[PDB]
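Q: Got a structure for you, written out below as structure tokens; questions coming shortly.
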Amino acid sequence: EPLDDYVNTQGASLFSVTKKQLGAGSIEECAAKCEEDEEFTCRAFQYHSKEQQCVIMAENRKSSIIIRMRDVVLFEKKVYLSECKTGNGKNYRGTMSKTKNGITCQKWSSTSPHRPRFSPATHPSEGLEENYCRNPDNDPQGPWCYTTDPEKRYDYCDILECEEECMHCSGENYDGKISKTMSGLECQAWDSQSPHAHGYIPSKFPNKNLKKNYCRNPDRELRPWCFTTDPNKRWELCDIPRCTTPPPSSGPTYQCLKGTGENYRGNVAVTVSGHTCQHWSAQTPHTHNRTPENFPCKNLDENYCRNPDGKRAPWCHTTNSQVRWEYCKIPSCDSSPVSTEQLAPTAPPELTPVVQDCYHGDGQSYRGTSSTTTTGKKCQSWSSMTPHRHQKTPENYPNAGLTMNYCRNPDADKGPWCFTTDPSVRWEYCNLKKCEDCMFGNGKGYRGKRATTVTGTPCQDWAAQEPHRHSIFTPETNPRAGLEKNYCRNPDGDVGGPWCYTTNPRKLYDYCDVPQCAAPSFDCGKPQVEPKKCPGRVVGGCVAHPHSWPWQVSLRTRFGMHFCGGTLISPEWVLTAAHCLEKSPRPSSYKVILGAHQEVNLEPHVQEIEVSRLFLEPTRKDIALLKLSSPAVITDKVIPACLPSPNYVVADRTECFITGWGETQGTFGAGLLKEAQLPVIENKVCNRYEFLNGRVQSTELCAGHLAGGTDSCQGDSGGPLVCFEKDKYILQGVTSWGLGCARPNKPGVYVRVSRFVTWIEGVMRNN
Ligand SMILES: *[C@@H]1O[C@H](CO)[C@H](O)[C@H](O[C@@H]2O[C@H](CO)[C@H](O)[C@H](O[C@]3(C(=O)O)C[C@H](O)[C@@H](NC(C)=O)[C@H]([C@H](O)[C@H](O)CO)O3)[C@H]2O)[C@H]1NC(C)=O
Ligand SMILES: [Cl-]
Ligand SMILES: [Cl-]
């Protein structure tokens, strides 16, 4: 495969009883010893990178327990976790224990109520474990088992089909291997940006299984699709066979309204305004794609009101030629303790401090809002058991402050950590500083002189084999690692940073506390005042924390009139909308005010700089660069925004903020810099019929709600659209207003800065 038949998890340790531990040089060496199946059925394996040790065990996460641990990588045989069948299920190794009639199996190792012809004695290679359904003889009828019913020798079991060959419904959970489209074009790999830049980044959506270049349905499309290797065709649906087998267990269904009516299965066929529903199977008077064929699991029967998509309530197309569709008025259900308006996760907002938060000692007392690991991954919520199950819950650790997905230290480790939202990485340390000799990143390159572990124990010399023998990480094994004397080093680029073997006889190795290098002064996109980060569901947004958006520029006329926003990109350059320059072609007609919060009564520190140059982006003419008469003085209130990497495509749902001075009369916060949190709406979704029917080009980006959020124009023309990313804010969009303001059930459209970076940096190096 080679390891495509395993599920890898870094930082995970499955505890086992029936095992075999031994020395190995590599994961592949270790994997081989697992495949060379003797004594027991190796169901999983652990590799301890720093110890050359390899554990082979017959246990799985299903049958045992996993814990957070250091260095170790866990590899679990997919086959044994796979609770579905393929063809006849010859290779099925699930846990189904009742037949298709629901009768309890007998064990393969029992001789009562039936004395079996197939057993573990006779068919050692057959997986005849417990009372579980298996196909020893490869019967075309699929898994069966001997029965606990005495007058019934065996019977077949009802194992749901494996989405390898086929898809159920619309392929939401399709994990098959088809990698070409309807037309036959080979799919572009999800982890690649060529020939198509896109927001479906696997690392951003690990749980969406955007594996290699396979057709997938991560966003409620009609069917699985992919981006294509054809530069002329961005994306296309794939041709995925539909399964004949029954779809997996889903419910409960109501004949009354509960929530958004996604579970409605009643017979109402009239809208609120009294219109007759058009049959879903019909294309007159209106053409559509919401057909029983495309959405089999949605029960789009006759012309009954249904909510097959993500709408507010049930709806239907109408037989009225003048009203394409309308919502139906379904009577709400009665009282019950399940659909009390409580279910689903949604995930918390990104409240991680930009002004890098710090911790004291081992950080067991840290109570901050940081929720980003050392590698930029998002923390999993302590109350959630997905993607990682664990016992570090507020119930088990009442005083650890285990709330939301914030970085904490419940188990008294070296510093705050969290379970990660990436299925392949159980947990990592948090991106936090501990309240010259320093490192960069994980310190693989660190060659400093620190020789002390986090506990105070000195390091053992790398050349020494006492107190600790070590077959690896000697100056001869790793000649390029700088393993001199007893200096803290990161030869293996461990996520934890520099470490060393310790002189403590009872502790083999440990981390050293090597600080991250300081940096010269003010970096782009790093406000010196923490943005308040206005929550989504607020009309008109919030008043910004003064100077929390230091790249925010106010474009003014020669008569103190604020009429536009802009973004400071460097000390002599501001990016704004070309629309801002419509009134005058004279650079002198413009005043750029920096570090302001007040719109009219400017604070004494505000910088007022005249524009000396006006450069209009030629290809689109939608944005323009303003060169300042003199360079801006960079302070804690005037800092430029970072620019994205060329063609970077902000991932769908990325939370961003639009800032600017609102021109709204009857409201609080007049003449004050405001901000509004907007999630990015990926172009493929933004472009669908229901919103902006093919009206959005790639040199643009969408941001804002699709469920009646707002109906006005946020920020200022030319104002910033910034998106936090790991450590800083990046200017992803430029407000253009005339491009299309965010209306109810439609996002706003901005100029995608990433498509104009080469032009900008171009204009900045020549002029
Ligand atoms: C998820 O996004 C949605 C929209 O898609 C919401 O914005 C949501 O915020 C929550 O709204 C719902 C109601 O629509 C909840 O009632 C929620 O409050 C809870 C929660 O369920 O997460 C209630 C609960 O007491 C507690 N969580 C538990 C017990 O798991 C916390 C919190 O302690 C209480 O709200 C305080 O009484 O939140 C709203 O906060 C988004 N989800 C988030 C932000 O997790
Ligand atoms: Cl754990
Ligand atoms: Cl038999």
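Just so it is clear, chain A uses Swiss-Prot numbers, and the residues here are 20-454, 479-810, in order.
Method on record in the header is X-ray crystallography, 3.5 Å.
Using N, Cα and C of the backbone, Cβ positions are placed for all residues, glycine too.
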Q: Going by Swiss-Prot alone, which of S292, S564, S597, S779 is annotated as phosphoserine?
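A: The residue tagged phosphoserine by Swiss-Prot is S597.
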Q: Given the candidates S268, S384, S389, specify the residue that Swiss-Prot annotates with O-linked glycosylation site.
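A: Looking at Swiss-Prot, the O-linked glycosylation site feature maps to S268.
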Q: With reference to Swiss-Prot, specify which of the listed residues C206, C262, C275 is paired with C245 by a disulfide.
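A: Candidates were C206, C262, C275; Swiss-Prot matches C245 with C206.
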Q: Of the ranges 396-416, 483-503, which one does Swiss-Prot list as region 'Disordered'?
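A: Spelled out, Swiss-Prot records region 'Disordered' over residues 396-416, not the other listed ranges.
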Q: Are there residues at least six beyond either end of the region 'Disordered' (396-416) with Cβ under 8 Å to its Cβ atoms? List them, or say none.
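A: That would be 80, 85, 87, 225-226, 364, 366-367, 390, 422-427, 429-430, 437-442, 444-447, 449.
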Q: Consider only the recorded positions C49, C103, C543, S597: which of them have a Cβ under 6 Å from an atom of ligand 1? Write none if no residue does.
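A: Checked recorded positions vs ligand 1; nothing flagged, none.
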Q: Round to the nearest Å and give the CA-to-CA distance linking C324 (disulfide bond) with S688 (phosphoserine).
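A: Given the Cα positions, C324 (disulfide bond) is 46 Å from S688 (phosphoserine).
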Q: Checking your reading of the structure: which of the disulfide-bonded residues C61, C73, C316, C531, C555 lie inside a 10 Å Cα sphere centred on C543 (disulfide bond)?
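A: Hits: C531, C555.
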Q: Quick one: of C73, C316, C324, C729, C745, which of the disulfide-bonded residues has the smallest count of other CB atoms within 10 A?
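A: It is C316 that, of the disulfide-bonded residues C73, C316, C324, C729, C745, has the fewest other Cβ atoms within 10 Å.
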Q: Rounded to the nearest whole Å, what distance do the 24 unmodelled residues have to cover between the Cα atoms of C454 and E479?
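A: Result for this gap is 17 Å, Cα to Cα.
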Q: In this structure, which of the disulfide-bonded residues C103, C188, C437, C555, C607 has the fewest other Cβ atoms within 10 Å of its Cβ?
A: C103
Q: When the Cα of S597 (phosphoserine) is compared with the Cα of each of the disulfide-bonded residues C206, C398, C437, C502, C623, which one is closest?
A: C623
Q: Cα distance, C316 (disulfide bond) to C245 (disulfide bond), nearest Å?
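A: Cα to Cα, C245 (disulfide bond) and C316 (disulfide bond) are separated by 22 Å.
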